[PDB]
Amino acid sequence: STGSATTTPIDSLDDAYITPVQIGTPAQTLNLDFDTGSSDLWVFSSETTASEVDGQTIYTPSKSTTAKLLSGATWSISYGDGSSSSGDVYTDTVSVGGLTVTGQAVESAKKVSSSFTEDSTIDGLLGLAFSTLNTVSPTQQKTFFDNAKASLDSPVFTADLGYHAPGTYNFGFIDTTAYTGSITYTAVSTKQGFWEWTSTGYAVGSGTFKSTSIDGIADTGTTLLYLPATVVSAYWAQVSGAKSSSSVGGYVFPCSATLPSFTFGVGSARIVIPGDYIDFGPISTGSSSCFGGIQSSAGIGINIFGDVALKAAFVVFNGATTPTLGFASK
Ligand SMILES: NCc1ccc(C(F)(F)F)cc1
């Protein structure tokens, strides 16, 4: 079997993408953020403290005839930006784009950090990293992808994110009309639980390609592109007036400048990120300083190929027993 669902940016800066997901019987439709950097499926629910809920659609297990409390199980998660949430655990039926998994662990948020409460448009997260990072205790739980793998025509899903436009997550098949040229596959390390791979280098604008190994993770749940300080400095050096701002927390640039493109290497292939994708707009309303989409990973400890990079490509997450990542131009 297969599944296919449209994913939509939540705002005009592509800060995140939401995808409708059906949970329970009869279906309750929630808009979840598909996150290949985590491995929990957690939702706002009828159990979330009412003051921590501001416009989200909530999952109500009591109205689902297929929901079962997973007696004794809890979860607690903390994200790389300081967000967190925790609660108890149900199993229920979960469908994405026609693809149905029964007995999926649905982690019900009792508490959410303030950054989720202020994001009215995101009802929860659907983790698509490897199940070894799932936070359910005492019995670790499998991700939606892991649960669906048996029944999929092919153990893959693909991410086709749009620039200021809707895109597609496909499960179980590769749409050969969604990309141009060939798909270049590259090896994945699963040792930290992430879709971790090694980029073969980079180029700034029309400069020469610098061959150098950049290890990092493919993360649909992260907005920006976080790269080593040396790479990020060489990019922003080509933008007149760009500077790193401690008060803002990263590189900013005069909104009137035109940004060079950024190329990253996949094996021998090259993926070009248009300069327009790197503009994340004024730091505050009316400001003439704009926030850059390429920032340093020095403070994070891992390089992250977030949405800025992934939306320039058609991306194949191959969950074969030896996993790989595929990139194609589109
Ligand atoms: N999108 C999930 C996520 C968030 C943070 C991190 C970090 F910061 F730990 F690398 C990894 C994955």
Side-chain angles (χ1 to χ4, degrees), residues 2-9 14 16-19 32-39 96-97 99 126-130 143-145 148 152 154-190 193-200 202 214-227 262-274 277-278 293-294 302-320 322-330:
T2 63
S4 185
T6 298
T7 191
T8 303
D14 298 348
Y17 298 82
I18 49 173
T19 308
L32 306 189
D33 182 356
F34 282 23
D35 180 10
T36 61
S38 69
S39 306
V96 174
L99 174 60
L126 195 138
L128 292 169
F130 294 94
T143 70
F144 179 81
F145 183 52
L152 289 178
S154 203
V156 305
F157 68 92
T158 68
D160 183 8
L161 306 178
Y163 171 66
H164 301 336
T168 306
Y169 280 104
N170 285 333
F171 289 84
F173 76 102
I174 294 175
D175 187 347
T176 61
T177 74
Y179 62 89
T180 61
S182 293
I183 307 180
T184 303
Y185 291 86
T186 193
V188 164
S189 178
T190 63
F194 296 118
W195 291 91
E196 189 177 0
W197 63 292
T198 306
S199 172
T200 50
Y202 72 98
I214 302 163
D215 185 271
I217 62 157
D219 186 2
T220 63
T222 291
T223 312
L224 307 180
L225 179 49
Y226 292 93
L227 290 175
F262 186 85
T263 297
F264 64 94
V266 182
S268 41
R270 318 275 172 251
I271 303 298
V272 183
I273 304 167
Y277 290 26
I278 300 162
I294 293 172
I302 190 83
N303 298 309
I304 303 174
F305 290 85
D307 294 338
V308 161
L310 301 179
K311 76 173 118 171
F314 180 81
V315 189
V316 180
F317 295 80
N318 185 346
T322 165
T324 62
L325 266 183
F327 286 88
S329 287
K330 59 185 195 198

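Just the heavy atoms: all of them, side chains too, but no hydrogens, waters or symmetry mates, feed the values below. Numbers here simply count residues along the sequence, with the first being 1.
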Donor-acceptor contact below 3.5 Å, side chain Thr36 vs main chain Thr220: yes

Sequence-distant partners of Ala328, side chain to side chain contact (heavy atoms under 4.5 Å, CB included), two or more places apart: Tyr179, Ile183, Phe314

For the student: nearest non-hydrogen atoms of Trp197 and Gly265, plus distance: CZ3-O, 3.8 Å

Check: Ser39 side chain, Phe130 main-chain N or O, donor-acceptor pair, under 3.5 Å: yes

Contact summary for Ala129 and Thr143, nearest pair of heavy atoms: O-CG2, 3.5 Å

Check: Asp219 side chain, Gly37 main-chain N or O, donor-acceptor pair, under 3.5 Å: yes

Interatomic distance, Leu99 atom CG to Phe157 atom CZ [nearest 0.5 angstrom]: 12.0 Å

Minimal non-hydrogen separation, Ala5 against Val96, with atom names: CB-CG1, 4.0 Å

Sequence-distant partners of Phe173, side chain to side chain contact (heavy atoms under 4.5 Å, CB included), two or more places apart: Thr2, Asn170, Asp175

Test side chain to side chain contact (heavy atoms under 4.5 Å, CB included) applied to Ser329 - qualifying residues, sequence neighbours left out: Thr180, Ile271

Reported CG-to-CG distance for the pair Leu227 and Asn303, which is rounded to 0.5 angstrom: 5.5 Å

Distance in Å, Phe34 CZ paired with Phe144 CZ, rounded so as to fall on 0.5 Å steps: 7.0 Å

Shortest non-hydrogen contact from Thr168 toward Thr7: N-CG2, 3.8 Å

Contacts of type salt bridge (charged side-chain N to carboxylate O under 4.0 Å, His left out), residue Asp35, not counting sequence neighbours: none

Qualifying residues under side chain to side chain contact (heavy atoms under 4.5 Å, CB included), relative to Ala269, sequence neighbours excluded: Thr184

Euclidean distance, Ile214 CD1 relative to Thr198 OG1, rounded to 0.5 Å: 9.5 Å

Sidechain-backbone polar pair: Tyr185 side chain, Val316 backbone, donor-acceptor under 3.5 Å: no

Backbone of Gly267 reached by a side-chain donor or acceptor of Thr200 within 3.5 Å: yes

Distance (rounded to the nearest 0.5 Å) between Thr8 OG1 and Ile18 CD1: 6.5 Å

Test log, rule side-chain contact (heavy atoms from CB on, under 4.5 Å), inputs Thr19 and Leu32: CA-CA 5 Å; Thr19 308; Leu32 306 189; 5.9 Å; no

Results of salt bridge (charged side-chain N to carboxylate O under 4.0 Å, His left out) for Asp33 - residues two or more places apart only: none

Parallel, tilted or perpendicular, as decided by the 30° and 60° cut-offs, for the rings of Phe264 and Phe305: tilted

Nearest non-hydrogen partners of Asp160 and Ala178, listed with the distance: OD2-CB, 4.0 Å

Separation of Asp14 CG from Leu161 CG (nearest 0.5 Å): 8.5 Å

Minimum heavy-atom distance between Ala165 and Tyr17, given as atom pair plus value: O-CE2, 4.4 Å

Verdict with supporting geometry, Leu225 and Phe262, side-chain contact (heavy atoms from CB on, under 4.5 Å): CA-CA 11 Å; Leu225 179 49; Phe262 186 85; 4.2 Å; yes

Heavy-atom donor-acceptor pair, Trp195 side chain to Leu128 backbone, under 3.5 Å: yes

Derivation and outcome, side-chain contact (heavy atoms from CB on, under 4.5 Å), residues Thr158 and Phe317: CA-CA 6 Å; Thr158 68; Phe317 295 80; over 6 Å; no

